[PDB]
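Structure, as structure tokens:
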Amino acid sequence: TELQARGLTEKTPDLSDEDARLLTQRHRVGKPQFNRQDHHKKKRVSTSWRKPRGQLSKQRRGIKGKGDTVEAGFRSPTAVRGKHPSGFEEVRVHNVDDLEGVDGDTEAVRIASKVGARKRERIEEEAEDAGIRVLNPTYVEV
Amino acid sequence: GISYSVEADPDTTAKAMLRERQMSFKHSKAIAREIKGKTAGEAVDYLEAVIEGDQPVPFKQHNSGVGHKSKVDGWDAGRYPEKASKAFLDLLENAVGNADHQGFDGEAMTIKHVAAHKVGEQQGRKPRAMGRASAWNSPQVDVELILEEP
Amino acid sequence: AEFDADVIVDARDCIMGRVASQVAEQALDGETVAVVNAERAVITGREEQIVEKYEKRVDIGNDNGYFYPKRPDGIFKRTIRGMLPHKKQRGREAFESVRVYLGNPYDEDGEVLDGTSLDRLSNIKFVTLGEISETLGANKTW
RNA sequence: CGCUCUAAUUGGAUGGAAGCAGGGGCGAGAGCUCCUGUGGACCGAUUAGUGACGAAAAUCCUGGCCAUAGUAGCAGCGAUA
RNA sequence: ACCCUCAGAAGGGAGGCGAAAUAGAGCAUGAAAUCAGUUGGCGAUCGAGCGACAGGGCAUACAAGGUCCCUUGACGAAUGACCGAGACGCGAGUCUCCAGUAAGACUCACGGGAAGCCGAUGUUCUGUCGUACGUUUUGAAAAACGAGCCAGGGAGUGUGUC
Ligand SMILES: [Cl-]
Ligand SMILES: [Cl-]
Ligand SMILES: [Cl-]
Ligand SMILES: [Cl-]
Ligand SMILES: [Cl-]
Ligand SMILES: [Cl-]
Ligand SMILES: [Cl-]
Ligand SMILES: [Mg+2]
Ligand SMILES: [Mg+2]
Ligand SMILES: [Mg+2]
Ligand SMILES: [Mg+2]
Ligand SMILES: [Mg+2]
Ligand SMILES: [Mg+2]
Ligand SMILES: [Mg+2]
Ligand SMILES: [Mg+2]
Ligand SMILES: [Mg+2]
Ligand SMILES: [Mg+2]
Ligand SMILES: [Mg+2]
Ligand code: NA
Ligand code: NA
Ligand code: NA
Ligand code: NA
Ligand code: NA
Ligand code: NA
Ligand code: NA
Ligand code: NA
Ligand code: NA
Ligand SMILES: [Sr+2]
Ligand SMILES: [Sr+2]
Ligand SMILES: [Sr+2]
Ligand SMILES: [Sr+2]
Ligand SMILES: [Sr+2]
Ligand SMILES: [Sr+2]
Ligand SMILES: [Sr+2]
Ligand SMILES: [Sr+2]
Ligand SMILES: [Sr+2]
Ligand SMILES: [Sr+2]
């Protein structure tokens, strides 16, 4: 009658006190957009980052209000860098044999886009049995 | 060409289209804008009064240099585009005709949707001074119409 | 017409700019102020130079215009506007909630604000706002 | 970091590949990735290579397109029809 | 094909074929510039590098993000009191004690709450900063030079020798 997701959708990882502190920090602090200078002024100039090279560039010179320039000081904490907002470390899966060695307490799984409905059904049920959450589940009518 | 940009329920609706019409697009936007909401019969009487010069079509967007008309309400500029009005009458003759064939009361039906689209230009060239030539094109217009039961 | 004022100020024998500075401060704090007896408001100094400044402001202008008020009604209102960011939303709201009057249209007597009063027994070099307006050419309607 | 094609190793796809549109997540970032729709046949990853490999600019080139504008012209000529 | 419409082998409507006609003839896909219609936000008293960062309004089907608010409590860096008591100062005010105390960013726990609700996205409002970009130049917002806009194209390569 209604749509429901396959697998352990509500599963949360068990992180140490320090890894949860750092995850909450990354979420609070965030980071600026880091879009290219004047991307909004010209349609031919895309949003993708390019170092402002111009000798007179306001952003290059670090004028306040012209946006933050990419620096190493903006990096996220090592202990949490790359984690999903849930706290899980991602493992990209293509088949059933890719689920082997995956710890469902630390890692969650993301099935590649290309993988069809047939192979997805077999990956999803074998993941639920192994205690692993699928980040992109199939919504079946139950 | 175009396709109907708005959904239409066949049981309470009648459709019609004009293809690659060599008429002014600017005039077509203005006519469409003004006849929308009106009854098919009201629109026919309106467009006939325009061809006669008794009723002006408000030119709200394409009005540079257009003189003011007293009969224009809430606005100032307007004209009497007969060519595009005669073409819209062909569209309303078709629409009401399709309607009557389906068992509806064609004239009494409300114009739910009417929009003009520039499908292209019939390329032309005009010789100018100094051994040079410039464009002299004709706009090709498509216009959709969806009539609905009151 | 009625204007429900929270504060009613008596400008009589009071130093204009000092009243104006306080009325501006209060209008930005949300108060609905009404300056009363503006014809009797005072401005210190040598009359000849004061009138020279106000006469120059009347003679200044072009096609764009420089509308300078001749009546004490508007002169006090303009003095207040120069102490308010009238172009900004908050500033315009503050200014529009302040009104200056000739005489006293209210039943209540106005309050004399601190530090604004001028002791006539101690000062001879000053002018009444109405005296400036008569020299400017305004019709004495007070 | 990204692009092309080669190779080894190894995967995905008509139970819907690439591409495109809109949207979610990650990376300081180059960029990676997922969802939905469209599409309807191809597509990756790692490693070692290959190079006609990355654009906002050059009065840059080609194509397309908007404003200009329903504007100028469709009068002027000793032939005013 | 048939039928209706039409001046009509046009076009249109209805209909038929096919998995698909948004595969219908320069007919795979169908980007941007850009146009018509329309939705959301703003809007006819108000100021211009168009934004970045903060914070508010209004707007939001699912999916791929799931957080967020308030009482209270724990922890508590730098910093750090009011009141009161005593004592100075012409005075504004100050010293001593109270006290490195109460407080103090972040984080967490119990209880309660939100699901357009938190994030995010669109738009708009407020605060702060802000006269493009690239080039030339001692000095560029420049009344120095280039570009109408978009897409695609567009610049360290080969041999020999060292
Ligand atoms: Cl690094
Ligand atoms: Cl046009
Ligand atoms: Cl003037
Ligand atoms: Cl201001
Ligand atoms: Cl004196
Ligand atoms: Cl913390
Ligand atoms: Cl080089
Ligand atoms: Mg852009
Ligand atoms: Mg004119
Ligand atoms: Mg010639
Ligand atoms: Mg390998
Ligand atoms: Mg290129
Ligand atoms: Mg460059
Ligand atoms: Mg060109
Ligand atoms: Mg003009
Ligand atoms: Mg004659
Ligand atoms: Mg095609
Ligand atoms: Mg020089
Ligand atoms: Na009128
Ligand atoms: Na009128
Ligand atoms: Na003075
Ligand atoms: Na003046
Ligand atoms: Na907002
Ligand atoms: Na140059
Ligand atoms: Na420059
Ligand atoms: Na200059
Ligand atoms: Na041009
Ligand atoms: Sr897919
Ligand atoms: Sr216009
Ligand atoms: Sr004050
Ligand atoms: Sr489109
Ligand atoms: Sr190249
Ligand atoms: Sr044109
Ligand atoms: Sr003639
Ligand atoms: Sr059909
Ligand atoms: Sr200014
Ligand atoms: Sr402490």
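Chains: A, B, ... in order of the structure tokens. Residues: from 1 per chain. Ligands: from 1, in order shown.
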For residue C:94, list every protein, DNA or RNA residue within 7 Å, evaluated using only C-alpha atoms (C1' of nucleotides), and leave out those in the same chain fewer than 3 positions away; present the list as an NGL selection string. :C and (27-28 or 30 or 90-91 or 97-98)
Can those selected residues be exported to a file as a short mmCIF file (atom, residue, chain, number, x, y, z; two decimals), in the first residue's frame so that it contains N, CA, C and O atoms?
```cif
data_model
loop_
_atom_site.label_atom_id
_atom_site.label_comp_id
_atom_site.auth_asym_id
_atom_site.auth_seq_id
_atom_site.Cartn_x
_atom_site.Cartn_y
_atom_site.Cartn_z
N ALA C 27 14.19 58.49 18.07
CA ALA C 27 13.41 58.00 16.94
C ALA C 27 13.93 56.66 16.43
O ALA C 27 13.15 55.82 15.95
N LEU C 28 15.24 56.46 16.56
CA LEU C 28 15.89 55.22 16.15
C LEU C 28 15.69 54.14 17.20
O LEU C 28 15.87 52.95 16.91
N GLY C 30 12.84 53.78 18.52
CA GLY C 30 11.44 53.47 18.35
C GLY C 30 10.42 54.48 18.83
O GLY C 30 9.22 54.24 18.67
N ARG C 90 15.27 51.64 8.07
CA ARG C 90 15.18 51.92 9.51
C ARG C 90 15.22 53.43 9.78
O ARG C 90 14.48 53.94 10.63
N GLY C 91 16.04 54.13 8.99
CA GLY C 91 16.20 55.56 9.10
C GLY C 91 15.00 56.36 8.64
O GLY C 91 14.66 57.36 9.25
N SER C 97 8.38 59.07 11.89
CA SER C 97 7.72 58.99 13.18
C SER C 97 8.09 60.22 14.04
O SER C 97 7.87 60.24 15.25
N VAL C 98 8.66 61.23 13.39
CA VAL C 98 9.03 62.50 14.03
C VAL C 98 8.32 63.58 13.23
O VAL C 98 8.28 63.50 12.00
#
```
Taking the DSSP secondary structure from the backbone, can you list the residues of chain B that are helix (DSSP H, G or I), as a ChimeraX atom specification? /B:25-35,40-52,82-101,129-131
Given a cut-off of 8 Å, which residues of chain A touch chain D, counting only C-alpha atoms (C1' of nucleotides), written out as a VMD selection string? chain A and resid 44 to 45 49 70 to 76 82 to 85 94 110 112 to 118 136
Using the selection just defined, write its residues with N, CA, C and O atoms as a tab-separated table (two decimals), in the first residue's frame.
```
chain	number	residue	atom	x	y	z
A	44	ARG	N	29.35	32.35	-19.34
A	44	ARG	CA	30.41	31.52	-19.94
A	44	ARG	C	31.45	31.08	-18.90
A	44	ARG	O	32.28	30.23	-19.18
A	45	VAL	N	31.41	31.71	-17.73
A	45	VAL	CA	32.32	31.38	-16.64
A	45	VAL	C	31.58	30.48	-15.65
A	45	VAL	O	30.65	30.92	-14.96
A	49	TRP	N	36.17	25.80	-9.45
A	49	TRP	CA	37.29	26.59	-8.95
A	49	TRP	C	38.54	26.69	-9.81
A	49	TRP	O	39.08	25.70	-10.28
A	70	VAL	N	41.23	29.29	-1.98
A	70	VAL	CA	41.55	27.93	-1.50
A	70	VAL	C	42.93	27.87	-0.82
A	70	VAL	O	43.94	28.32	-1.38
A	71	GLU	N	42.92	27.38	0.41
A	71	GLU	CA	44.11	27.23	1.25
A	71	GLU	C	44.00	25.92	2.01
A	71	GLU	O	42.89	25.42	2.25
A	72	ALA	N	45.14	25.40	2.48
A	72	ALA	CA	45.19	24.16	3.25
A	72	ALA	C	44.55	24.30	4.64
A	72	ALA	O	44.04	23.33	5.19
A	73	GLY	N	44.51	25.54	5.15
A	73	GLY	CA	43.92	25.80	6.46
A	73	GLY	C	42.43	25.52	6.54
A	73	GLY	O	41.87	25.43	7.63
A	74	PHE	N	41.81	25.30	5.38
A	74	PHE	CA	40.39	25.02	5.26
A	74	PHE	C	40.00	23.55	5.31
A	74	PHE	O	38.81	23.23	5.30
A	75	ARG	N	41.00	22.67	5.34
A	75	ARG	CA	40.79	21.22	5.40
A	75	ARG	C	40.00	20.75	6.61
A	75	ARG	O	40.07	21.35	7.69
A	76	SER	N	39.25	19.67	6.42
A	76	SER	CA	38.44	19.04	7.46
A	76	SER	C	39.38	18.14	8.31
A	76	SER	O	40.48	17.80	7.84
A	82	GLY	N	35.93	12.89	4.61
A	82	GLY	CA	35.35	11.97	3.65
A	82	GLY	C	34.17	11.16	4.15
A	82	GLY	O	33.53	10.48	3.34
A	83	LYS	N	33.87	11.22	5.44
A	83	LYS	CA	32.75	10.46	6.00
A	83	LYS	C	31.41	11.02	5.57
A	83	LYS	O	31.26	12.22	5.36
A	84	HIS	N	30.43	10.12	5.47
A	84	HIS	CA	29.05	10.43	5.11
A	84	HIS	C	28.48	11.21	6.31
A	84	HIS	O	29.04	11.12	7.40
A	85	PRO	N	27.47	12.08	6.11
A	85	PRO	CA	26.92	12.82	7.26
A	85	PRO	C	26.45	11.98	8.46
A	85	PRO	O	26.37	12.49	9.58
A	94	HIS	N	29.90	-2.78	-6.67
A	94	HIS	CA	29.46	-3.07	-8.04
A	94	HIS	C	28.77	-4.42	-8.20
A	94	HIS	O	27.94	-4.60	-9.09
A	110	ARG	N	27.40	1.82	-0.94
A	110	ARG	CA	26.77	2.62	-1.99
A	110	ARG	C	26.90	1.88	-3.31
A	110	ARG	O	28.01	1.71	-3.84
A	112	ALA	N	26.85	1.32	-7.17
A	112	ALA	CA	27.13	2.14	-8.35
A	112	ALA	C	25.86	2.34	-9.18
A	112	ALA	O	25.00	1.45	-9.21
A	113	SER	N	25.73	3.51	-9.79
A	113	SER	CA	24.55	3.88	-10.60
A	113	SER	C	24.22	2.94	-11.76
A	113	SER	O	23.05	2.60	-11.95
A	114	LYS	N	25.26	2.47	-12.46
A	114	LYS	CA	25.14	1.57	-13.61
A	114	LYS	C	24.43	0.24	-13.34
A	114	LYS	O	23.65	-0.22	-14.17
A	115	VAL	N	24.71	-0.34	-12.17
A	115	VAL	CA	24.15	-1.61	-11.71
A	115	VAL	C	22.62	-1.65	-11.81
A	115	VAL	O	21.92	-0.78	-11.26
A	116	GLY	N	22.13	-2.64	-12.56
A	116	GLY	CA	20.70	-2.81	-12.81
A	116	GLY	C	19.89	-3.43	-11.68
A	116	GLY	O	20.46	-4.03	-10.77
A	117	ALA	N	18.57	-3.33	-11.81
A	117	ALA	CA	17.59	-3.83	-10.85
A	117	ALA	C	17.76	-5.29	-10.41
A	117	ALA	O	17.51	-5.63	-9.25
A	118	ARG	N	18.22	-6.13	-11.35
A	118	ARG	CA	18.46	-7.56	-11.10
A	118	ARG	C	19.61	-7.76	-10.12
A	118	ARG	O	19.42	-8.38	-9.06
A	136	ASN	N	21.87	3.98	-0.82
A	136	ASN	CA	20.94	4.24	-1.92
A	136	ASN	C	20.04	2.99	-2.11
A	136	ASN	O	20.25	2.20	-3.04
```
Determine, counting only C-alpha atoms (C1' of nucleotides), which protein, DNA and RNA residues have an atom within 9 Å of an atom of residue B:47; residues of the same chain fewer than 4 positions away are not included. Present the result as a VMD selection string. chain B and resid 31 35 42 to 43 51 to 52 55 57 82 85 to 86 88 to 89
Taking only C-alpha atoms and all ligand atoms into account, produce a table as CSV in which each residue of chain A with an atom at most 9 Å from an atom of ligand 25 appears once, together with its shortest atom pair and the distance in Å to one decimal, ordered by chain and rising number.
```
residue,atom,partner,partner_atom_place_in_ligand_line,distance
A:54,CA,ligand 25,1 (Na),8.9
A:56,CA,ligand 25,1 (Na),6.9
A:57,CA,ligand 25,1 (Na),8.2
```
Which chain B residues are at most 6 Å from chain E (counting only C-alpha atoms (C1' of nucleotides)), as an NGL selection string? :B and (16-17 or 98 or 116-117)
Could you take the residues named above and write them with N, CA and C atoms, as a CSV table (one decimal), in the first residue's frame?
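As written to disk, part.csv reads:
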```
chain,number,residue,atom,x,y,z
B,16,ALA,N,-6.4,23.4,-31.2
B,16,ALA,CA,-6.1,24.0,-32.6
B,16,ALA,C,-4.7,24.6,-32.6
B,17,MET,N,-4.2,24.5,-33.8
B,17,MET,CA,-2.8,25.1,-34.1
B,17,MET,C,-2.6,25.8,-35.4
B,98,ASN,N,-13.8,22.2,-34.6
B,98,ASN,CA,-13.3,21.0,-34.0
B,98,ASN,C,-14.2,20.7,-32.8
B,116,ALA,N,1.8,32.2,-28.7
B,116,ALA,CA,2.5,32.3,-30.0
B,116,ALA,C,4.0,32.0,-29.8
B,117,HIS,N,4.6,31.2,-30.7
B,117,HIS,CA,6.0,30.8,-30.6
B,117,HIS,C,6.7,31.1,-32.0
```
Run DSSP on the backbone of this structure and report the residues of chain A it assigns to strand (DSSP E), as a ChimeraX atom specification. /A:3-5,89-93,107-111,139-141
Filtering to N, CA and C atoms, could you give me those residues as an mmCIF file, in the first residue's frame?
```
data_model
loop_
_atom_site.group_PDB
_atom_site.id
_atom_site.type_symbol
_atom_site.label_atom_id
_atom_site.label_comp_id
_atom_site.auth_asym_id
_atom_site.auth_seq_id
_atom_site.Cartn_x
_atom_site.Cartn_y
_atom_site.Cartn_z
ATOM 1 N N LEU A 3 5.190 2.945 0.167
ATOM 2 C CA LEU A 3 6.592 2.763 -0.221
ATOM 3 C C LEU A 3 7.520 2.651 0.977
ATOM 4 N N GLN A 4 8.360 1.618 0.955
ATOM 5 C CA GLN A 4 9.334 1.357 2.012
ATOM 6 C C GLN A 4 10.678 0.949 1.419
ATOM 7 N N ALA A 5 11.747 1.436 2.042
ATOM 8 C CA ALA A 5 13.116 1.161 1.620
ATOM 9 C C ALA A 5 13.605 -0.205 2.066
ATOM 10 N N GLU A 89 31.839 5.330 6.847
ATOM 11 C CA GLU A 89 32.865 5.442 5.809
ATOM 12 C C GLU A 89 32.225 4.723 4.613
ATOM 13 N N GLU A 90 32.292 5.330 3.434
ATOM 14 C CA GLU A 90 31.684 4.748 2.243
ATOM 15 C C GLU A 90 32.521 3.729 1.504
ATOM 16 N N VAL A 91 31.840 2.693 1.022
ATOM 17 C CA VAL A 91 32.448 1.634 0.222
ATOM 18 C C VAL A 91 31.557 1.521 -1.013
ATOM 19 N N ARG A 92 32.165 1.746 -2.176
ATOM 20 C CA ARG A 92 31.473 1.683 -3.458
ATOM 21 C C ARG A 92 31.401 0.224 -3.914
ATOM 22 N N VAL A 93 30.176 -0.257 -4.131
ATOM 23 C CA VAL A 93 29.939 -1.646 -4.522
ATOM 24 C C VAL A 93 29.339 -1.826 -5.930
ATOM 25 N N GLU A 107 31.595 0.762 8.204
ATOM 26 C CA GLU A 107 31.278 1.087 6.818
ATOM 27 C C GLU A 107 29.853 0.804 6.353
ATOM 28 N N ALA A 108 29.374 1.660 5.450
ATOM 29 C CA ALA A 108 28.065 1.523 4.820
ATOM 30 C C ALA A 108 28.368 1.353 3.333
ATOM 31 N N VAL A 109 27.381 0.889 2.577
ATOM 32 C CA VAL A 109 27.589 0.635 1.164
ATOM 33 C C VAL A 109 26.766 1.487 0.184
ATOM 34 N N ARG A 110 27.400 1.825 -0.938
ATOM 35 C CA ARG A 110 26.768 2.623 -1.992
ATOM 36 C C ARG A 110 26.899 1.883 -3.315
ATOM 37 N N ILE A 111 25.768 1.410 -3.831
ATOM 38 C CA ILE A 111 25.755 0.677 -5.097
ATOM 39 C C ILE A 111 25.923 1.644 -6.264
ATOM 40 N N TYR A 139 13.139 1.391 -3.229
ATOM 41 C CA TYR A 139 11.876 1.596 -2.539
ATOM 42 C C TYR A 139 10.808 0.734 -3.201
ATOM 43 N N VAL A 140 10.426 -0.333 -2.495
ATOM 44 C CA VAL A 140 9.419 -1.286 -2.964
ATOM 45 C C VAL A 140 8.078 -0.973 -2.303
ATOM 46 N N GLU A 141 7.003 -1.395 -2.966
ATOM 47 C CA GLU A 141 5.626 -1.198 -2.514
ATOM 48 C C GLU A 141 5.258 -2.360 -1.581
#
```
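Every residue having at least one atom no farther than 12 Å from ligand 13 is included below, with only C-alpha atoms (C1' of nucleotides) and all ligand atoms taken into account: residues 45, 50, 51, 52, 53, 54 and 55 of chain A; 55, 56, 57 and 58 of chain D; 133, 134, 135 and 155 of chain E.
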Output for the residues just chosen: C-alpha atoms (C1' of nucleotides) as a PDB file, in the first residue's frame:
```pdb
ATOM      1  CA  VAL A  45      32.324  31.381 -16.642  1.00  0.00           C
ATOM      2  CA  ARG A  50      40.224  28.285 -10.646  1.00  0.00           C
ATOM      3  CA  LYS A  51      42.969  30.155  -8.806  1.00  0.00           C
ATOM      4  CA  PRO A  52      42.492  33.944  -9.381  1.00  0.00           C
ATOM      5  CA  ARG A  53      45.613  34.686 -11.465  1.00  0.00           C
ATOM      6  CA  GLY A  54      45.053  38.359 -12.285  1.00  0.00           C
ATOM      7  CA  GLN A  55      47.689  40.766 -10.980  1.00  0.00           C
TER       8      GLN A  55
ATOM      9  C1'   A D  55      40.050  28.467 -22.107  1.00  0.00           C
ATOM     10  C1'   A D  56      36.844  34.013 -20.153  1.00  0.00           C
ATOM     11  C1'   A D  57      39.968  36.780 -22.895  1.00  0.00           C
ATOM     12  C1'   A D  58      43.892  37.014 -28.450  1.00  0.00           C
TER      13        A D  58
ATOM     14  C1'   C E 133      37.671  40.253 -15.355  1.00  0.00           C
ATOM     15  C1'   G E 134      42.301  39.751 -18.143  1.00  0.00           C
ATOM     16  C1'   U E 135      46.202  42.996 -20.153  1.00  0.00           C
ATOM     17  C1'   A E 155      48.943  28.367 -28.336  1.00  0.00           C
TER      18        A E 155
END
```
Just the residues within 12 Å of residue B:147, please, counting only C-alpha atoms (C1' of nucleotides), with nothing from its chain fewer than 2 positions along; format it as an MDAnalysis selection string. chainID B and resid 6:17 35:41 43 91:100 104:114 144:145 149:150
Selection as a compact mmCIF listing (two decimals) with N, CA, C and O atoms, in the first residue's frame: residues within 8 Å of ligand 8 by only C-alpha atoms (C1' of nucleotides) and all ligand atoms:
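The result, written out as part-v4.txt:
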```txt
# COMPACT_ATOMS: atom_id res chain seq x y z
N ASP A 38 33.74 35.80 -10.00
CA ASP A 38 32.83 36.37 -10.99
C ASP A 38 32.06 35.39 -11.87
O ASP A 38 31.65 35.74 -12.97
N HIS A 39 31.84 34.18 -11.35
CA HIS A 39 31.10 33.15 -12.08
C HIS A 39 29.65 33.59 -12.30
O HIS A 39 29.03 33.28 -13.32
N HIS A 40 29.17 34.36 -11.32
CA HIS A 40 27.82 34.90 -11.27
C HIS A 40 27.60 36.11 -12.18
O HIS A 40 26.46 36.50 -12.44
N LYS A 41 28.71 36.68 -12.66
CA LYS A 41 28.68 37.85 -13.53
C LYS A 41 28.65 37.52 -15.01
O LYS A 41 28.21 38.34 -15.82
N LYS A 42 29.08 36.31 -15.36
CA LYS A 42 29.17 35.90 -16.75
C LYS A 42 28.79 34.44 -16.91
O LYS A 42 29.41 33.58 -16.29
N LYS A 43 27.81 34.16 -17.77
CA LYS A 43 27.34 32.80 -18.03
C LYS A 43 28.38 31.83 -18.59
O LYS A 43 28.32 30.63 -18.29
N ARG A 44 29.35 32.35 -19.34
CA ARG A 44 30.41 31.52 -19.94
C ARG A 44 31.45 31.08 -18.90
O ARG A 44 32.28 30.23 -19.18
N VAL A 45 31.41 31.71 -17.73
CA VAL A 45 32.32 31.38 -16.64
C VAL A 45 31.58 30.48 -15.65
O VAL A 45 30.65 30.92 -14.96
N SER A 46 31.99 29.21 -15.61
CA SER A 46 31.37 28.23 -14.73
C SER A 46 31.79 28.37 -13.28
O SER A 46 32.79 29.03 -12.96
N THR A 47 31.06 27.66 -12.43
CA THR A 47 31.24 27.65 -10.99
C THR A 47 32.51 26.96 -10.48
O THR A 47 33.03 27.34 -9.43
```
Within 12 Å of residue A:18, counting only C-alpha atoms (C1' of nucleotides), which residues show up once you throw out same-chain ones fewer than 5 positions away? Write them as a list in words, please.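 Here the answer would be residues 23, 24, 25, 77, 78, 79 and 80 of chain A; 107 of chain E.
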Tell me, as a ChimeraX atom specification, which residues lie within 9 Å of stretch 136-142 of chain C, counting only C-alpha atoms (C1' of nucleotides); anything in the same chain fewer than 6 positions away does not count. /C:39,51,54-55,58,70-71,102-103,130
Export, as a PDB file, in the first residue's frame, the selected residues with C-alpha atoms.
```pdb
ATOM      1  CA  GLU C  39       9.282  79.047  15.872  1.00  0.00           C
ATOM      2  CA  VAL C  51      21.359  84.110   8.174  1.00  0.00           C
ATOM      3  CA  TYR C  54      20.722  79.793   5.552  1.00  0.00           C
ATOM      4  CA  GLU C  55      20.366  82.334   2.702  1.00  0.00           C
ATOM      5  CA  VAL C  58      18.090  78.894  -0.319  1.00  0.00           C
ATOM      6  CA  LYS C  70      12.282  78.607   4.714  1.00  0.00           C
ATOM      7  CA  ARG C  71       9.739  78.044   7.527  1.00  0.00           C
ATOM      8  CA  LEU C 102       4.464  75.623  14.897  1.00  0.00           C
ATOM      9  CA  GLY C 103       3.163  76.392  18.382  1.00  0.00           C
ATOM     10  CA  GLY C 130      11.200  82.440  13.467  1.00  0.00           C
TER      11      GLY C 130
END
```
As a quick test: using only C-alpha atoms (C1' of nucleotides) and all ligand atoms, which residues lie no more than 10 Å away from ligand 32? Give them as a PyMOL selection string. (chain D and resi 52-55) or (chain E and resi 153-155)
Residues of chain E within 7 Å of chain A, only C-alpha atoms (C1' of nucleotides) counted, as a PyMOL selection string: chain E and resi 50+52+64+129-130+134
Selection to disk with C-alpha atoms (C1' of nucleotides), as a PDB file, in the first residue's frame:
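Final output, selection31.pdb:
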```pdb
ATOM      1  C1'   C E  50      25.235  42.347  -9.658  1.00  0.00           C
ATOM      2  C1'   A E  52      31.111  36.839  -0.168  1.00  0.00           C
ATOM      3  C1'   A E  64      19.652  10.455  -3.121  1.00  0.00           C
ATOM      4  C1'   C E 129      33.050  44.379   3.323  1.00  0.00           C
ATOM      5  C1'   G E 130      32.905  45.577  -1.699  1.00  0.00           C
ATOM      6  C1'   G E 134      42.301  39.751 -18.143  1.00  0.00           C
TER       7        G E 134
END
```
Quick check: residues of chain D within 12 Å of chain B, only C-alpha atoms (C1' of nucleotides), returned as a VMD selection string. chain D and resid 65 68 to 71 73 to 74
Could you list the protein, DNA and RNA residues that have any atom within 10 Å of ligand 11, counting only C-alpha atoms (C1' of nucleotides) and all ligand atoms, and write them as an MDAnalysis selection string? chainID D and resid 8:10 45:47
Let me have all residues with an atom within 10 Å of ligand 26, counting only C-alpha atoms (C1' of nucleotides) and all ligand atoms, laid out as an NGL selection string. :E and (140-144)
